[PDB]
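A, B, C, D and E are the chain letters, set down in written order, and residue numbers restart from 1 in every chain.
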Amino acid sequence: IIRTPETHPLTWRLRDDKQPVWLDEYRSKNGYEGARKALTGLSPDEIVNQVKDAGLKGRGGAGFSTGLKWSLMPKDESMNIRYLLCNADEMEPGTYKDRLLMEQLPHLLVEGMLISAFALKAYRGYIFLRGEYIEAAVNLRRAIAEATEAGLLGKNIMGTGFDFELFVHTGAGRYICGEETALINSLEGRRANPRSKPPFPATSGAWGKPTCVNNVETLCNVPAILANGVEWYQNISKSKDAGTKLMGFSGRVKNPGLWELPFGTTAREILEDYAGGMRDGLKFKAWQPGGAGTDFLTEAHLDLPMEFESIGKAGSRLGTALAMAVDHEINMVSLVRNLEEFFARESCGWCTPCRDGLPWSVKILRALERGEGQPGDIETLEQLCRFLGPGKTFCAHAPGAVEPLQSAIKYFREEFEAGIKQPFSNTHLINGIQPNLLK
Amino acid sequence: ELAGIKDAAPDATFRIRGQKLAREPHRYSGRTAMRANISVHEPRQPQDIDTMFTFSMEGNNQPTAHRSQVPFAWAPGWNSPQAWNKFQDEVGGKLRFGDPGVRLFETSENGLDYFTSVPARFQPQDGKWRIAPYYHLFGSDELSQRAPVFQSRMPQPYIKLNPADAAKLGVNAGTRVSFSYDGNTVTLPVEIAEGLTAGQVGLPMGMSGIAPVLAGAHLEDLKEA
Amino acid sequence: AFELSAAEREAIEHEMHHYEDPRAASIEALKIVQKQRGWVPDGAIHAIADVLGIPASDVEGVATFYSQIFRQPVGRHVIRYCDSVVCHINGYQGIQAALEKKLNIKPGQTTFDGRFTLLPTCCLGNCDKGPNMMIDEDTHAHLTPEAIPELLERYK
Amino acid sequence: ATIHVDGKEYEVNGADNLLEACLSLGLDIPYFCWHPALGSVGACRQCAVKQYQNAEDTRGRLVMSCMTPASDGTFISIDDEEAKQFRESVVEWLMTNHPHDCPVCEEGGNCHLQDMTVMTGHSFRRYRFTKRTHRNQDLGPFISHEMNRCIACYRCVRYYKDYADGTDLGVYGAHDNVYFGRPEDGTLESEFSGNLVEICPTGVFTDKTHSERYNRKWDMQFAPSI
Amino acid sequence: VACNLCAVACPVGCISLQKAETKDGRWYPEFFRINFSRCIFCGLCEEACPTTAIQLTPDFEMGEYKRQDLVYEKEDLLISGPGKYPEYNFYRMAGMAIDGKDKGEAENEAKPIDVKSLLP
């Protein structure tokens, strides 16, 4: 599978020995060319407009367009202090893309930092990492030092008078830190409770200053747009969502990996033509398109293009586009129990519905797994799923938490009904009081 | 000069639609058994001729009553301290019919003149220690220090010294020193206060045996006991 | 009694030079103390609070909020296994059973010699090569229950 | 500003949020986390109302009245069926770990959670699993600590840190193991630590001086004084 | 537990008591008196008791010579057994920690998870 630079702008400079690309090898393979063009010939607002009309969308899972988000920055010249943050947390299960781009191609991330910080007029940039990526941390720090001693980082970058400083902030292992406002709160050294909007991070984000939070994949997509042009980027895929995307399947398949495809590729091609289909002796049961925080889909949804609108019309989220396949050998009750246990133990504890309803669903599913269900069980689960959607909770961790539960209840209700064995018994008897036998 | 206190609270003839204001809530309990250990006969309820409140629940404590004195916050469905939201015109603002209290004086149109009595700078003289007042929230008040609950929160009676003054006296932190004021020799242990100016000594006003009038006075024959 | 080392204080100051607010170096200060001493003792909260100028309350809240900061003493190695959804699909349960059979302890406990401490952890980002385990700084993929005691004998 | 609650028009201050504007009009809206002197943070998610986009809107959206500004021409509903169900559900979710301590608790009869459970109509329990527990702390001779009865409404930390600027009390823990208190056993250092006995809507912080010779609020002969 | 629900639920108001605490922290009435000259035997106190401590036995011979002897103090009310409810215990259900019952040892109570625990 050849990767020409025209159709694979992100991963065409990968090395076959799983070794990182350093500064000289990156610059030989057309490196820092979009950086040079943006810093020399383009105004920051021109770069923002180019990103806006190039159709680039956010790859963190929200699908928000980055040009529109960059247009929310204040035009006041009194607030020259500005921060640009990378959500290199990548703590969502089933997501392994940012590790792949930022363990063996850090100079692409550094170039995206420089370009976006010049376009946002950001005087500082941080990469909010995770504590479990040691090799990625070492590679990012080495690449940052190399770009510093090559004159691409620091004061008076390439004789343009723009001073940009890049830092790496290694996290301490909490899933809610992936949320952008909670990422800002964790960057300041507080407990990572997220923040309400409005105000957005663009108006007043990190330390009250204007701040732009972006994914690793989007900041890696930016220098390709700045180098090879905008009309090339619009012609990569003939879909509403433009540009290439890291998609791939995982879980009991022949080739669980990671590939770069244009948008609109149907989920069967990424399952059969790329992942090799499912493993020997295992037939297909379900799949998550976005990982742990999305709705399950059946076999009939495999012939669907992996776009935001197509999956959204199908009743789910594209997410990180890293699908996981579930065979029939795995019980749905056990899988949903594991998902809800992860989501309950990674709650931040700010707002009541998530904090004191995810453990309830955890206990209900644990009772279902051992066959200790009672009447009124699935009713309580769908009650929680109805009253944990968007808007009810403070942040979007709980809608993504209750998405797989309601999806597996809708599509696989017969497996949940098998665990209901015991009759309902909440109160033990008391000698000397006749109970109120409700009919 | 004290003519304002007539408007502080309404007199004892003030009634809300003919009735007085209740002191205790309407669900007050035990009325026929609080005094049963003394005698089973129910006594006369105490009559409050001085004020407009009554010593019973036969009164008015409605949130919409036209008054400024509220004995307690209670609304139907709000037994918490959140009944004050029902007792206000708007939440977080004033009371519904004005806050109690009347200003004794207004702002004068013309002010005073500049006080020319500029004091000279403090000179630490030998043998005399100027008393720096260290007030405490728990202990300085005359009545609050007599509370037995405050004695656990009561700080130990400690005298504060500059490091230079402590080095001059040869005393450390915690050792006992004795000083006499108005023919009263008392002994206290020592803390070392860094920010204190030298030539002074710090005393806790309102303590047991230490009057608050000692602030700004001079201390003689301070020595290690 | 806890007293911070000169190297720890120098690293904390060099880290707080990076941010505009000294509070932002709390996570890195706690991680530096954790790297130097294995875990974060009780006096470390007061020491980091006195260095950073922020109260000990929010430092303790940060140390208790994050799962990778240990407020209880652990063994010489911290074996963390991914209990998430994809490793459940790939069968981390056999790996956990093999770990409990070798170490003779439940997850969340430490071995009686202070050698290993077994803990479930979040997604390790290696779902395509699951199941995955994480000893102190090294991750391992494609785990089998029979290879667990061979893998754990290279950590003294 | 102009608002419409259940089709009835009201005139309110446009700068304030919907919760204090509606509580100024005498309307009953449940709330735990918001305090009049502390502002809105949207923690407890108890103040839910159903806001409609326009006059002829029937679907609406469940918003929080403490974080919703009382702008001109706002249309909200308090006693909507979905809003009432969600508020009862929030009360029930707070009830999944509340200990059976009301007879032996000083806040009984003065409890905001008691009035707030009775007000929402929640009286039937369908939680059969275990309830979490917490060890208490010695918070000095004034404040008695009982961490079991907390609902994680974050009033104590907000008041004690933002308002009173106290430095020895805070929140620790995680997802449902949040712990509100001092980092170690000792007296509370602030001079305004007595207001925690009424800032806390539950009986976590209680007046130990009153708890010695305790009696309920209906047994108190009260008076106004200085 | 001296919770004072019976005194306020009594429509005649013939109950008076005061709460006291032991060293372990359990709650008991310091004193407890009923004015039987005032009590109408309406049974509201037993209905409102959340610990089933106070009960109305099938006994009617309560006539007396003087009204002062109709006030029954705590010596004349505490009996040697559980009465009509033989196996109830409020402190087994209560969340408060008392002697012989630590935190989490009540009915449907998990063990206290410390915030310093290494488990996520």
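Here is the rule we use: a residue touches a chain if its C-beta (ideal position, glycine included) is under 8 Å from a C-beta of that chain, and two chains touch if they have at least 3 such contacts.
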{"item": "Contact-graph distance - origin chain C, target chain D", "value": "1"}
{"item": "Pair with more cross-chain C-beta pairs in contact, given B-D and C-E", "value": "B-D"}
{"item": "Whole-Å separation of chain centres (CA-atom averages), chain D against chain E", "value": "29"}
{"item": "Whole-Å gap between the CA centroids of chain A and chain E", "value": "57"}
{"item": "Chain centre separation (chain B, chain E; CA means) in Å", "value": "39"}
{"item": "Euclidean distance of C-alpha centroids - chain A vs chain C, Å", "value": "24"}
{"item": "Chain B, residues touching no fewer than two other chains", "value": "27, 29-30"}
{"item": "Residues of chain A touching at least two other chains", "value": "191, 345-346"}
{"item": "In chain C, residues with contacts to at least two other chains", "value": "58, 61, 64-65, 67, 121-122"}
{"item": "In contact (per the touch rule at the top): chain pairs", "value": "A-C, A-D, A-E, B-D, B-E, C-D, C-E, D-E"}
{"item": "Chain E residues within the chain B interface of the complex", "value": "4, 7-8, 10, 12-16, 31, 33-35, 37-38, 67-68, 70-71, 73"}
{"item": "Footprint of chain E on chain B - complex, ascending", "value": "27, 29-34, 36-37, 39-40"}
{"item": "Touching residues on chain A, where the partner in the complex is chain D", "value": "191, 196, 344-353, 355-360, 363, 367, 374, 376, 380, 383, 387, 391-394, 425-426"}
{"item": "In the complex, chain D residues that touch chain B", "value": "13, 20, 23-24, 26, 28, 36-37, 109-112, 114-115, 118-119, 140-142, 187, 191, 198, 201, 209, 217-224"}
{"item": "For the chain E and chain D complex, residues of the former touching the latter", "value": "1, 3-5, 7-8, 18-19, 21, 27, 50-51, 90, 93-97, 103-104, 106-115, 117, 120"}
